[PDB]
Structure formats: structure tokens, C-alpha cells
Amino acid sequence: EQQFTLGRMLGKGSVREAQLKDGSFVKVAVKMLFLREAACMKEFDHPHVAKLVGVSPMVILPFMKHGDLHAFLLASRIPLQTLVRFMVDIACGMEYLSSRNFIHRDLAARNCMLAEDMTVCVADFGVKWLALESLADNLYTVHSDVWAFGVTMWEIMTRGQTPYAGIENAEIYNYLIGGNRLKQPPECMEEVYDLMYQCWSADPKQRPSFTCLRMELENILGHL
């Protein structure tokens, strides 16, 4: 298939803007690099998960003008209420995906997209976001998805900072095993950091579910 016109580069892994064609012309985004798993991912539908437009190899996703969450956070830096709502949005998307038995593996702010209405959707159906057992055993589960969510929470709170900035990738395992984590940002709400810290328990069963996270973030959102 080639009913779309490859255009300007959006990010570089390569993502490029394109123009998909019954009526007129729709602007999409094409990830340039399978069909069995894309048949499973096509069925997903939720206001906080980025839809699959299709596949062709390359992946066809909706074009989203406000770009990715990570750049947005960075752009602002160079209100807690808005930050907490971003987290709620990601949690809704993730709660949905894990309810469909989908393990994401690559959750990060860069993989979260700002929609037209400035809601955040989880994108990208598929070491600094990886749980200890993802690192030690290549075990990927809902619980390692929650670990990655917790790092994403930290990214939101620090407004786009690189996690473990003073530490090399090769030293991350060693850092974490020693019981060290990402430190509480200055002016970060205790309640926010507590929930985030819970996401990084060495014991994967001691990590909250996405339902639990959504509820406990939604609770915080009501105590504005």
C-alpha cells in the first residue's frame, strides 16, 4: 500500500508526516522501520490511547499537532493541577490497555501524545524507564508498565528532566539494586511522590495497579 505521500520529518527510529487518501486528504504520521499484531491493535478504542490508522514496513498513526508530552514539558521550562491531569489521562489509557491484556513495554513521556483538546493519549504499540526485573530477567508485565508510569510521573513533575541525569545507562541496574530511586523533585507534592515511589517497589506485586493509580490520582485531583 502507498495511498499516502511521505513528507516532512517529525522526529528521528523515524517518524514522518504524510497525507493519506473515498473523499479528500487526511494528514497522518508514519513510523518508518507484524501484521498479526496490528490486527489486534486495530481493535483498540479509548479516548486516552492513540488510535491505529493502519500499517503498510511502517505504522500509520493520527497526526497530532501539539506533539509529544515530553517536548511540551521541556518547552514550558526552557500548575500542579495540569500536571496531575496529564497523569490521570495516561493512567486511563494504561488501565484500558492492561484490561485488554496489552503490555506496553515502552511507556515514557516521549510516547505520550497531546491531542487537539490537549488531553494526553498513550501512543506506540511496539533502560531508565525499566523495572529491575525487566533489566535482570527481561520480564515485561503490567507491573513493569507501572514502574515506567512512575518514571513518567516523575518526568511530568520535573517538567521533562532526564531521569538519573548524573548516571550512565550501564550503571542504572547497580544504582537501583542498592535501593536508590529517583529523588523527590523540589516543590513536588508529598502525595504525588509517595504514589510515584510505590511504582518502583522491587517487589512487582507491591506496585499499585493502573486502576489504583487512576483512582488515587483522581482523588488528589478532587482535593485541588
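Counting begins at 1, following the sequence as shown.
In the deposited entry, the stretch joining residue 56 to residue 57 is interrupted by 10 or more residues of the deposited sequence lacking coordinates.
The segment from residue 33 to residue 34 is interrupted, since 10 or more residues of the deposited sequence in that interval carry no coordinates. Taking the mean C-alpha B-factor of each stretch as recorded, 153-161 and 177-185 are not equal, and the higher mean is that of 177-185. In this entry, 3-11 has the higher mean Cα B-factor, the comparison being between 214-222 and 3-11. Within the group 64, 69, 172, 38, the record's highest C-alpha temperature factor is found at 38. Among all modelled residues in this chain, the alpha-carbon of residue 201 has a temperature factor (C-alpha) in the lowest third. The entry lists a Cα temperature factor for residue 130 that places it in the lowest third of the chain's modelled residues. In this PDB entry, the Cα temperature factor of residue 78 sits in the top third of its chain's modelled residues, the highest group.
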